[PDB]
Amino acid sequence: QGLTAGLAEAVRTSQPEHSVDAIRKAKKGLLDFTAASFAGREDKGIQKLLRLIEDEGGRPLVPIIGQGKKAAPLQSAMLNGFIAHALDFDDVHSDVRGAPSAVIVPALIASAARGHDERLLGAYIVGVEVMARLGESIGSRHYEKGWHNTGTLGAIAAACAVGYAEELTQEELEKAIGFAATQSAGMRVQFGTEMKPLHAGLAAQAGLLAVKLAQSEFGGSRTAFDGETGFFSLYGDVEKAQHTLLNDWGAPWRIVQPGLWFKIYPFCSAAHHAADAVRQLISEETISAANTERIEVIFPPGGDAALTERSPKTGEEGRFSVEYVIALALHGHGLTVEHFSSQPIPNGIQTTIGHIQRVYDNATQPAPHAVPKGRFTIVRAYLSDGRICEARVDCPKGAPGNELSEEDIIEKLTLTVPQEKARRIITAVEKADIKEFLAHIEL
């Protein structure tokens, strides 16, 4: 049995419902995805895309999250993927190195709006399983050469999730895997632009199209993962994939271990340790931009690799700047969506940014529960008369092992909607009333 047949069989025969922890995590994931999508409802990229699909037309079958209208299934996957990822507020996963729920859930919403809604939660677990294993199996050179995992691995994962939901046969799933793989694309050159979140929607759409082609009895390869010209030889490390892709499937489910991380801050996950730490310092020591001479932010080597902006000019660039995150808090502002938009960063905050330096500590031992593994951040403030104070975070709030409370979840949802609406959404998800959930997310 080759890799294509092996993944199709693993997907097809999955029993995610037997895992209480995975079902619980999928319910929390739907809620975080919803809260992230709602929080971006005013993004001006959304209306650009709405005007595009309204010019094309389509049957109003699937809700466009937070936008108060419906569109065709394939269109909704593209729109809802963009909406969920537009703010960098959506979830992350250490194996995926991408935007798992922003790809998978839009595909499943389109599927569930047309039936099989009772299989949505299991399909979500299975979709996360696939995308985590693809991220592990493709090899580190994939991302390093310039491919964007969210796009290149998201289409296959979305196709597998929808393929589970709609109970595709072994043959149909093998073909859909190949229909997704033959569309897989996405370049990291698009980072810093709204094309980066659109990759999530284009992957969801390609994966849904892959399933619809298989259900149409469209012809296709059943072995697209296999051979010298198969997906892993072409895009990654086929020898790694042969050892990792299927090993120990669903035991444990990757949505639980290492687990999805649900963000409390709308910016790069790698800055969340510093954000927690500086808020701790501000609370316990009453430091501020006025009484702080400078800041040192201490990472293990490579811990800040994703934080590519040392001198951001806009809140959007500041999503990837530990300097901006810390200065914003020091100037008394909340670490909230309104401060990470394309608007320019004020001069007062840029001045403070100039007093924040990063340093690297290869001796300090990361905590056994650190997330991601090996990660920490120490924030050290220098005060008047030579005083210093320090705070350290190893497992940020929202990461596995320091998970969001129900109150955190509803607070993320009520950024946009009233408390009673958020309560009704959570109740629908808790009871796995997917039809009611779909009706709620439209506004």
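Numbers for residues come from their place in the sequence shown, where the first is 1.
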Entry-level comparison of average CA B-factors, 251-259 and 338-346, reporting the higher stretch: 338-346
Selected stretch [higher average CA B-factor]: 3-11 or 432-440: 432-440
Options 134, 275, 210, 238 - largest CA temperature factor per the record: 238
Among 358, 148, 114, 319 - the residue whose C-alpha B-factor is largest in the record: 114
Third of the chain's Cα B-factor distribution that residue 196 belongs to, per the entry: lowest
Within-chain third of residue 186 by Cα B-factor, per the entry: lowest
Residue 332 by Cα B-factor - lowest, middle or highest third of the modelled chain: highest
Chain-relative CA temperature factor third for residue 366: middle
Lowest, middle or highest third - CA B-factor, residue 269: lowest
